[PDB]
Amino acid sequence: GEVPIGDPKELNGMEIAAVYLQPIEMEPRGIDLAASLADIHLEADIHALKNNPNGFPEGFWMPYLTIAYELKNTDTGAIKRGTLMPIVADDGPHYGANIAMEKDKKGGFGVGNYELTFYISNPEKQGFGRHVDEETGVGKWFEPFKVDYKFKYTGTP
């Protein structure tokens, strides 16, 4: 059962939603933390809005973007930063990562009201290009921006 975090934000021609489920077994194995040692699979859902500035058709998934997350507990004041890898499930491509909450050895990441950030950079760092000719070129990529959600952690769904 997937649980929404806050509600989506529409900026830079993209709909940015936050969701998390139970830890998810992943392949290739070894890159992302093992589902056995995690408490959640935090997924970032980012799709091009209608009339996207950068030529991405409406509803398409936005690939090659660099997503760094920050996980703050308002009650705990404990925060850790990590990365969200590009992943695909049976419902479509997305960005995700398994994170250990209750199992965070240093604690403070179990129970709590939470603040979730997404630090989003454009695909150019990953070698992704774009046309800039007058006939088929598209606009500039957004500059790095941040997105913040508020959610209260319920344990594993």
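Throughout, we count residues from 1 along the sequence that is shown.
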Inset, instruction - Would you mind comparing 111-119 and 61-69 for me and telling me which has the higher average C-alpha temperature factor in the entry? - result: 111-119
Inset, instruction - Name the higher of the two by mean Cα B-factor in the PDB entry, 31-39 versus 85-93. - result: 31-39
Legend entry - From 47, 125, 105, 130, residue of greatest CA B-factor: 105
Inset, instruction - Among the candidates 139, 23, 13, 144, give the one with the maximum CA B-factor reported in the record. - result: 139
